[PDB]
Structures are given as C-alpha cells and as structure tokens.
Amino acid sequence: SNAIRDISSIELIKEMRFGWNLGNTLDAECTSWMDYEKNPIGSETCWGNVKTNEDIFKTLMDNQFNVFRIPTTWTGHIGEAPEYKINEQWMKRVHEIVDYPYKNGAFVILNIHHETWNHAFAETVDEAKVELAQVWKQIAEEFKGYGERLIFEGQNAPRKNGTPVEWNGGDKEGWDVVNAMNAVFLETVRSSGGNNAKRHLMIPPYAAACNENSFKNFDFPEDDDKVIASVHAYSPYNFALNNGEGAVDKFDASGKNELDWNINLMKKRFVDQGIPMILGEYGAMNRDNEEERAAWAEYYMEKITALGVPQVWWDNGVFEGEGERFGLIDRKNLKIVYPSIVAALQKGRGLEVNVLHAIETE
C-alpha cells in the first residue's frame, strides 16, 4: 500500500484532532551505562517505560487522539563516520512502533531527538550536516513507501546545549546553524525515493522555542506547501514545566497572560503568515492538581483550535518523584490516569466528551 495523497500541509492538518508523544522511550539515551552492542534495542525501556505495544495506542485512539509523535534518539545506534550506518535491529524496532498507530489509521510524526551531534554550534556544523544527511537518507529509505499520515520531523530542539542562550531563544550563531541543518533535512528527504517528494516535513526554529528571537530568525521555505513549523510550548512556564524553584500548582491570571502572549506569538509568526505549524510538544506536570491542569488544558486547546493549530501532549510516563511528571496514560495497565485532562482536550477541541479506560476513583 504505497498510495500518498497530494495535499497541502494546511489542508492535511485540518484532519488532526490532538496528539500524544511516546516520550522517554525511543528518545531515551543510556550510552553512559548500557551496552548497545549487546542490547541493540534495549534503550527503549532504559528510562523505565514499558516495552511499547499497539494497545497503548489503541487506548489513546479510543479517546480520539489521532496524532502520535515518536521521539527517537538515534545516538548510540549509529555506526562510525562518515557512513553513519544505523543499526538494523534498531531501525526495525522503530519501524514496528511507527506501525502501531500508522496501521490503525492515525497520523505519526517520526523525528530525530536527543542527539549529541546536531548541537547548534558553527564549530561542528560541517560534520553535523553530513551526519544529518546520512541519518535522514536511511530513515527516508526505510519508510519511503508510507503515505501522507507519516510525517518526518527533521530535528527536535537543536540548540547551544550548556550555554546561557540554550533556553532563551538563542543567538545568531545558533539561528544560522539550525537553519542550515533544516535545509539539509528538507533537501535530503525531498531528493529521496518513493513518496518522500510529497511527504509532509516538520522543521523547528532554534530549540523549537516559542520565542520572539527564535521565531524572527527562523527561515521557512516559500515554495513548498508540504513543510510545517514545529513548535514546543509548555506555557505558562512555572505552572507547566518548572521542576524546581518557583513552580506553581494553580493556573492563575498571570499564567493566563503569559500563555495568551505566547499563543499570540504563534498567531503572528505562523498563522497570519500562512505558515502551517504544529505544537509537537506541550504539557503541564502533575502537582496533585488535576482540575487546575484540566482547566488550563481546555483553555489552551480552545484557543489554539480557534487558530487551526493542533497540539500534541508530551507523555514521558512519569507520574511521581523528582522527575518531570508528564504522564497521562498508565501504559502497563492501559488506563487514563487523569481522565478530566483528556475530557478537557476533547471538549476544548470541539469534540464530544467520552473518556474511555479511565482509572477508578480512589
């Protein structure tokens, strides 16, 4: 089945309800202690998530999720330079997981994620561009026959890791590198075989940041209507993403102001300019505050739905402890842990509320 619809991204995006990330899974990176030679697909579970199965996705699809992002870290599974051959058992497992939502008719986003080699520094950009082309040549070849519901996202949050400008929008060095890398990704996939000339491709601004500086220095192609801007927006910060000092457990007036500001940024940079965009990651972590988060999620969803922009929940499988607690589905037991959040996504999207597989009330 190698058919692909010839459809613009803006038209295709209309078919998207809302999404879910298979977080802390194929993106988990454990090369400091795991032997990837003896465990070539072991990294999937090395951050504590269960082995992925189709029923995780069917549980979510029952709740009207129809976009599934598969964040994938290829670092550790890549052969030596300059061929950068991807381990074939790893590629097969990535392929099995893409197929869980894809063969059930949903949208799938496959990316490159926690890579050590695509950092946004001019020092290494010549080498990083070669590795990016080699990696995407192989991904594009493996999935060349897939239709329009399989989307490639060329980079995740390329940035100047470990610098003062890592998380505040970047600087000119970082913007030029991210743009050059995005161009290599687009060219590599467009130049490849099969349906890839008509595949929908996502590219991020620097760090995928919802930021004035990142947005303003983001190059976007003017002659390719099947390219999509990839943005991440865990907004407002202290309520949604702050895992240290200053975190708040209520979505208050100042938090709404901050969220409204960033949504308006997306409107002015992308929506008003006819640039297709997807919020590929967002979420608010568990602070024993499900109703605060449900109200925030319904408001966020309603506002971006009025702009035609879909969003994709970041679910890293973590519910308690010191880590970031973005879990939404209990993958082991196939239960929605926060049913009022899922109800908020449905209601805010304009859908009928029907939360299936909810956990019992304790």
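Don't overthink the numbering: it's just position in the shown sequence, from 1.
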Between the two ranges 270 to 278 and 214 to 222, the one averaging a larger CA B factor in the entry: 214 to 222
Out of 305 to 313 and 31 to 39, which one has CA B-factors that are higher on average in the deposited record? 31 to 39
Which of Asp330, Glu54, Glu44, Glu322 ranks first by CA B-factor in the deposited coordinates: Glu322
Of the residues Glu83, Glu96, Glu258, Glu153, the one carrying the largest Cα B-factor as recorded: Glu83
Among the modelled residues of its chain, does the C-alpha B-factor of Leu110 lie in the lowest, middle or highest third? lowest
Of the three thirds of Cα B-factor ranks in this chain, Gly147 occupies the middle
Going by the CA temperature factor in the PDB record, which third of the chain does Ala207 belong to: lowest, middle or highest? middle
In terms of the CA temperature factor given in the entry, to which third of its chain does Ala128 belong: lowest, middle or highest? highest
CA B-factor ranking of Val189, expressed as a third of its chain: middle
